[PDB]
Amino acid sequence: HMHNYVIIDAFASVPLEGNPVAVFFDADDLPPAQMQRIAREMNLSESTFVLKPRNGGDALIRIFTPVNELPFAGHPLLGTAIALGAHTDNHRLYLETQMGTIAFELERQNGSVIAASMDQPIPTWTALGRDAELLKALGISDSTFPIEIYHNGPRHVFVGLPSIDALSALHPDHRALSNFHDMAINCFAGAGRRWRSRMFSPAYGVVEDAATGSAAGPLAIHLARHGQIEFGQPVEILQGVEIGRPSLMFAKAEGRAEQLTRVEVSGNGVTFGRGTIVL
């Protein structure tokens, strides 16, 4: 009859930064066709719906873009975990998804969840094999590191820039980027612990994304494989600066390329708004 929701800015501690997600509570009475229509009404990159668990977790989360359901998504799940922390006392939260149960660690101050860390699906990867085409679309001549495409649900391509200023100077041809289907293009630069990223994806319906949580795990793997960090070392990834939505993602990939044991992504989140819908 009515549902409460919150809008969480994921990968931010300040409202209007990070990447929004709408989280709808007590959604068991909504058929998925209605969830999809609600996600379309809200028009945020994702709306999530909190449901009773079916396999021993704390809750089952269904994730919708304005057009389709997703089996996994990075910032939407982080924001959902932070939102649900307002309704539980547990330090760990186990959220069921189409792809299995994702474990979260919740960080609180005086009962308010301010951040969370999630274990991500372990990616696979290969060479993109379309380098000249992609580089032309981005407006540059070469990448620093190999142009590889990672799969953990979505697909994320990584193109390296020689400096943060070169990354900020990119002005991609978005029409040309639209020939890259079912993937996002992540451009990065930095050194040591601190990296900057920009993400562009016509395929996922975003000219430039603020905080691509599902790309943070893959980027940590990419940087470790290519010798810029070690496996087991965390990185800080700052995204969305150029578009006025700065977002901080932390990532770490444990093990070795051939036997990854854990891919962790963490971030702050903050409530932008709260409301109730009439169905």
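Rigid core (definition): largest C-alpha set, two forms, superposition within 1.5 Å. Residue indices: 1-based, along the sequence shown.
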property	result
Farther-lying stretch by C-alpha RMS in 8 other deposited structures of this protein, rigid core as reference, of 104-112 and 163-171	104-112
Core-aligned Cα RMS comparison in 8 other deposited structures of this protein - stretch that moves more, 254-262 or 20-28	20-28
Selected stretch [higher average CA B-factor]: 154-162 or 200-208	200-208
Mean C-alpha temperature factor, higher of 112-120 and 82-90	82-90
Selection from 42, 50, 221, 33 [criterion: highest C-alpha temperature factor in the record]	33
For residue 241, the third of its chain into which the C-alpha B factor falls	highest
Third of the chain's Cα B-factor distribution that residue 126 belongs to, per the entry	middle
Third of the chain's Cα B-factor distribution that residue 74 belongs to, per the entry	lowest
Residue 191 - which third its CA temperature factor falls in, relative to the rest of the chain	middle
Position of residue 226 among the chain's modelled residues by C-alpha B-factor, lowest, middle or highest third	lowest
